[PDB]
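Observations on the three-dimensional arrangement
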Amino acid sequence: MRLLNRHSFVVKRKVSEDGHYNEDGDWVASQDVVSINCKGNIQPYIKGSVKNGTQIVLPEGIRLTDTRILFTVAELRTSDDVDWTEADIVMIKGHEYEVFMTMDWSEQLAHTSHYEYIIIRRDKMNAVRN
Amino acid sequence: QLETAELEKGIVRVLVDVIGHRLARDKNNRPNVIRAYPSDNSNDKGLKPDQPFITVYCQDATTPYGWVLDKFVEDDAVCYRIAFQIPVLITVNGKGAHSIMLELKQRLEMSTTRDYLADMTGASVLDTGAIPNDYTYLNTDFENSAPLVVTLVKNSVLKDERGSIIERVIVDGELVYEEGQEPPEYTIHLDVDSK
């Protein structure tokens, strides 16, 4: 019973890596997004500044943010400006997450090679298309 | 009407045609002119484009020209015209950014370019600031950036859907001999219509 596959989530990958800038000037993300279940371990990230499940009392309201670490064997990507990659979205309890920062232990050992990801909850924002 | 989003869109199309022969091309062979802080629906961010690319950013929108420039009456609606002044920040990033930025300045003064910019935006250039040759340290090397603050002026016309203009006047007047005289000496009743 590997702990590396305890939790099971759904990842949205922008498979059709297009991500072009329209003639007007705005950003048009990939039109084709697929959602396939993966497996991994999601744990709170405890390191100094990083805040987990912390409500921030702004003079505009109360915003909530969190940062979890993700141990998994899947090769989730992150937004890259050279290969025109556009990150991966993890889901916990419905809320969308983003894979900022990556550690790549892919080849090192035999039965223990794994990726470590830092997933961050996406802030609430009004959505406009382009 | 004035919309900052539309103004930035209009500028980007102009910069593509005006200064495009010196920037980079994407997979659709489109010169890399982007709007600042790119973002699609919700939180879908935008990747940093290739080198020599141009970023357009409308800094703010001030009105130092008075609250209302004029108030006219359209068909059946009162229309206010306010005068705005929009500082747009055009910045070129990449190696040899200063040379690229200098060409645009010497090209933003040509009458043909400004006439093109006057169309599809509706604004006219007021002045162009100075170009600082900026070197910033990203992670390993220094990225050249040449910001420039182009100041635009535009008139925005908005209609007040609660105008209800005057079309009839009813005047009641009295003539007296001294201040008082509860019974007026002569009474005037007027009724003027637009028909």
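Residues numbered from 1 in each chain as written, not as in the entry; some residues may be left out. Chains lettered and ligands numbered in written order. Part of a larger assembly, values for the part shown. Heavy atoms only, no water. Residues with missing side-chain atoms left out of burial classes, pairs and counts.

By the method listed in its record, cryo-EM, this PDB entry was determined to a resolution of 3.4 Å.

**Some points on the overall build of chain A**
Convention followed: Counting from the N terminus, the helices are DSSP H or I runs at least four residues long and the strands are E runs at least two residues long. Any pair of residues with heavy atoms lying within 4.5 Å of one another is described as a contacting pair.
When helices and strands are counted, chain A shows zero helices and 11 strands. Referenced to the eigenvectors of the C-alpha coordinate spread, the extents of chain A come out at roughly 50 × 40 × 25 Å. Here the contacts in chain A between residues at least 6 apart in sequence split such that 57% fall between residues at least 24 apart.

**Some words on empty space enclosed by the protein**
Residues and elements named next belong to chain B. Test applied: Buriedness of a pocket was judged along seven lines, with at least five required to meet protein on both sides within 12 Å; pockets are open sets of points on a 1 Å grid over the protein atoms alone, cavities are sets where a 1.4 Å probe fits but cannot get out, and lining residues have an atom within 4 Å of a point. Grid points are joined across faces, edges and corners, and a volume is the space filled by probe spheres set on the points. Note that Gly is not counted as nonpolar here; it falls among the polar residues with everything else outside the nonpolar set of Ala, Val, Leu, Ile, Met, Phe, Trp, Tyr, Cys and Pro and the charged set of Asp, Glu, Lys and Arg.
Counted as a void, the largest cavity has a volume near 50 Å³. What lines the largest cavity is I11, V14, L15, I90, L108, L117 and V150. For the lining of the largest cavity, the leading source of residues is helix α1 (residues 4–18), giving three residues. For the lining of the largest cavity, the class distribution of residues is seven nonpolar, no polar and no charged.

**Thoughts on a nonpolar patch on the surface**
Test applied: Nonpolar side chains (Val, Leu, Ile, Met, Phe, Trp, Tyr) within 5 Å and like charges within 9 Å form the patches, drawn only from residues with over 30% relative accessible area and no salt bridge. Note on areas: Shrake-Rupley with a 1.4 Å probe; residue coverage comes only from the protein chains shown. We define a salt bridge as a side-chain nitrogen of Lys or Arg found within 4 Å of a carboxyl oxygen belonging to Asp or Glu.
Together, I166, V169, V171, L175, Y186, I188, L190 and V192 of chain B give the surface a local cluster of nonpolar side chains, amounting to about 770 Å² of exposed area. Looking at the nonpolar patch, the element that brings in the most residues is strand β9 (residues 186–193) of chain B, giving four residues.

**Section: the pairing of strand β1 (residues 7–13) of chain A**
All names here are of chain A. Stated formally: A pair of strands counts as paired when DSSP detects no fewer than two bridges linking them.
Bridging between β1 and strand β4 (residues 34–44) involves seven bridges; their strand directions are antiparallel. By the bridge assignment for β4, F9 is matched with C38. Alignment of β1 against strand β8 (residues 88–89), held across two bridges, turns out to be antiparallel. By the bridge assignment for β8, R13 is matched with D88.

**Thoughts on the environment of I165 of chain B**
Residues and elements named next belong to chain B. Note the threshold: Note on exposure labels: buried denotes an accessible area under 20% of the residue type's maximum, exposed denotes more than 50%, and partly exposed covers the range between, all computed with a 1.4 Å probe on protein chains only.
Secondary-structure assignment places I165 in the loop between β7 (142–160) and β8 (168–175). What makes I165 partly exposed here is its relative accessible area of 33%. Each C-alpha atom of the pair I165 and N28 lies 53 Å from the other, and the pair is 137 residues apart in sequence. Residues within four places of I165 in sequence aside, it is in contact with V73, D75, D76 and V78.

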